[PDB]
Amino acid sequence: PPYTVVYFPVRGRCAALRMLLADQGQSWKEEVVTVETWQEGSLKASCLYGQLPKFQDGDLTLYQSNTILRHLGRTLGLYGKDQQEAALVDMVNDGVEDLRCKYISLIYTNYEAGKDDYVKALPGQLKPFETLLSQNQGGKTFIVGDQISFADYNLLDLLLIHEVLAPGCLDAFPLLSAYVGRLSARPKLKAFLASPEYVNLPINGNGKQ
């Protein structure tokens, strides 16, 4: 710390790290970038990959959303209890990232023509996470081990955005439905999910959801 997040005024790729910082009781500053200030290209040229989010932690600056999650994961102790759990946390996060990429492609390039097929294929894409919960203490704790990890906040966000795209998509998965319930109830996280800074931001940049 202290932290600063730089991004567009949407939830998008910053939703999971904001949930992690709020639930861990950390403070941070937000620097909002409008499409107007982004279209003038001078901030875009200073970004390593010409994209946002950008993040600061003291004198360290970082890019890439999953690198920011892994960094808070290791500096705050949200990365498993050992190397074996740290590898399982990475395997869940990479799976969450693959489906997040398919969701983003549906939202930004084919929403009207491909949402029915995307929703027809959704059960198959969520089954792996229900299976991972069934293997960890009967799905009664977290996605890996018995302590929360950064992959829990990234998987929670992906489940919450899919319920907005296909209401009831989790009805067929008992353990994922119960897991979204338990984590949404953690005190600091429940207060943050009800706040205007979270509820009043669109999920995506094109208004689709």
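Residues carry their position along the shown sequence, with the first being 1.
The PDB entry records a higher mean C-alpha B factor for 141-149 than for its counterpart among 64-72 and 141-149. According to the PDB record, 191-199 carries the higher mean C-alpha B-factor of the two stretches 191-199 and 10-18. Considering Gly168, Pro53, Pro174, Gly50 together, the PDB entry gives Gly168 the largest C-alpha B factor. Among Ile161, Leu43, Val180, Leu155, the highest C-alpha B-factor in the deposited entry belongs to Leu43. Per the deposited record, the Cα B-factor of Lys115 falls in the highest third when ranked against the other modelled residues of its chain.
When all modelled residues of the chain are sorted by CA temperature factor, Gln135 is found within the highest third. The entry lists a Cα temperature factor for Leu122 that places it in the middle third of the chain's modelled residues. For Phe129, the recorded CA B-factor ranks within the lowest third of the chain. Only modelled residues enter the ranking. When the CA B factors of the chain's modelled residues are split into thirds, the value for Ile107 lands in the highest one.
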